[PDB]
Structure formats: structure tokens, C-alpha cells
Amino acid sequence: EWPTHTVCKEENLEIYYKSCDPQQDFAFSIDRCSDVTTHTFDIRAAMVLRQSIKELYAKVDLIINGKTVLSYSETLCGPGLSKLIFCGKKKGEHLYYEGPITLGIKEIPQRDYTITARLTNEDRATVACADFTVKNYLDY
């Protein structure tokens, strides 16, 4: 029941998200939509941390035609593996990020899919969770 937010709606590009964390919504935006088809784009994101992020792990699933075709896990904070200046934020802090997502992938996939992006912490608790809806026909 969280609202679906429009990140992009361009001629050949739509991106939407919805928070799948029942506790809260969050705010997300891409400075230039069409940079999602390069290997780096600049984002703005804000949310309230309900949990500490001493440790932070992203799990990223890609779902196509209802089927989870890819699953990927990265540590973002941790002992010796910290990737975000706002690692260490205690419970109750207002997280902010504006900065690039870089990318070992040279571009997000083409066409119609969903990316579920779930962040969790030292205790496996859900910090943030998004279903992103992508329709990407730009590289066309």
C-alpha cells in the first residue's frame, strides 16, 4: 500500500519504484534519466534509518516475465569492506545520499523488467527495500 513513485517517464524510458519495506517509504531520484544506460548515473535518496547500519548488505534481484533470472549480493558496510561515507549511522538517523551509482555492468538491462533491491544490516533486518519497474527502450 505504499505509493508508486515516478523516477522517469521519457519517450523510451520509464522507471518507477515502490518501497517494499512496510515500515516506511523513501525518496529517490535520478538527475538525468538517460544516464541509466551508461555505466554511471547520479542519484538522490533520502530515508529514515529504522535500523543501525554498522553493517549493510544489498541484495539485488532482476525479475523478467515473473521469473527471477538474476540474484546478486554485495556488502556495502562492514569490517574492511565499507563503501558509503554514511556507514556507521545509528538507528533513527536521517540518511541522505547524492552521488553516482557506478557499475561494473556498462548499462542496466534493456526493455521491461523489475529490480527488487533490498538492503539489510548486521542482524539481517530490513533497512530499505524497493521494487523498481523498468521499461528501457533508450539504447534503441
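Sequential numbering from 1, following the sequence displayed.
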For the C-alpha atoms alone, is the average B factor greater in 41-49 or in 76-84, going by the entry?
76-84
As stated in the PDB record, which stretch has the larger average Cα B-factor, 103-111 or 59-67?
103-111
If you check the C-alpha B-factor for each of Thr116, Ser19, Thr120, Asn12 in the entry, which is highest?
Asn12
Check where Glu93 lands among this chain's C-alpha B-factors and tell me if it's the lowest, middle or highest third.
middle
